[PDB]
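One chain is shown next in structure tokens, namely the form deposited in one PDB entry.
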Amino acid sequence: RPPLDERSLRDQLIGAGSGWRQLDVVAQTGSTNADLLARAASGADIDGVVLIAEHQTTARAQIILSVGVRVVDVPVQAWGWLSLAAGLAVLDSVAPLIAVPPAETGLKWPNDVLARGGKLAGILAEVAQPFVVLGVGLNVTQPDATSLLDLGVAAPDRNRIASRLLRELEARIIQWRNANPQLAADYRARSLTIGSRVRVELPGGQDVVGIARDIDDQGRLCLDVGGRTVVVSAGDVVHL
């Protein structure tokens, strides 16, 4: 499997009117997110910045990237939709090239892209104002998880995949920034979770079981529990 071509990616995605201002690829690092936070922490403006790592402390079998966004100009109660928008971007960028029926793949709230029941990719948002750092990990050539390879992509072009992924990610971030109602609708159309019976595990061995009915303006899960609405903030759920 070839390495990423840093130069080609830059020619493609930067700049004008692209929202990506910078992009770097590094052979190795611990976290893409930490590296980016370190940079902001130290006074860097990381909005629009992409960091890709060939390996995170096997190498080059996943696409791992992180992006930075300035969120401060957006209402704090909509930040929660940013990590959701990111998964949609991953599913969208990867669906066209996939053997399975689109219906078998979907979004699992709040962090996961699933194909045929197995985790294709994960999303990690960490906030650090004025920024949020979105981290993506997609299994290209890798518990019970899955990869584009297992999914029929015979030879995946990480360069092409990363490139498409950044393009959708840019599209969704824009929609999120614009309070676009389509982002939420697109997210619902592809949710595995909505319409599903789910259990939410809560600290202390507590759990709630209900039917996921919607996602609220803040990105939280709405459960129908016997006709009462219970809303939960981002956390982990199990389908049933």
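Rigid core: the largest C-alpha set superposing within 1.5 Å between the two forms. One-based numbering along the sequence shown.
As for the form deposited in another entry, it is not shown, yet the points below apply to it.
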Once you align the rigid core, which of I174, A41, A185, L202 turns out to move its Cα at least 2 Å between the shown form and the other one?
-> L202
Core-aligned CA displacement of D157 at least 2 Å between the shown form and the other one = no
Align both forms on the core first, then report whether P102 has a C-alpha shift of 2 Å or more between the shown form and the other one.
-> yes
Large Cα shift (2 Å or above) at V231 between the shown form and the other one, core-fitted = no
Check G117 against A103 at the C-alpha atoms and report closer or farther in the other entry, compared with the shown form; the change is 3 Å or more.
-> closer
Note whether the distance between the C-alpha atoms of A85 and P102 decreases (closer) or increases (farther) in the other entry, against the displayed form; the change is 3 Å or more.
-> farther
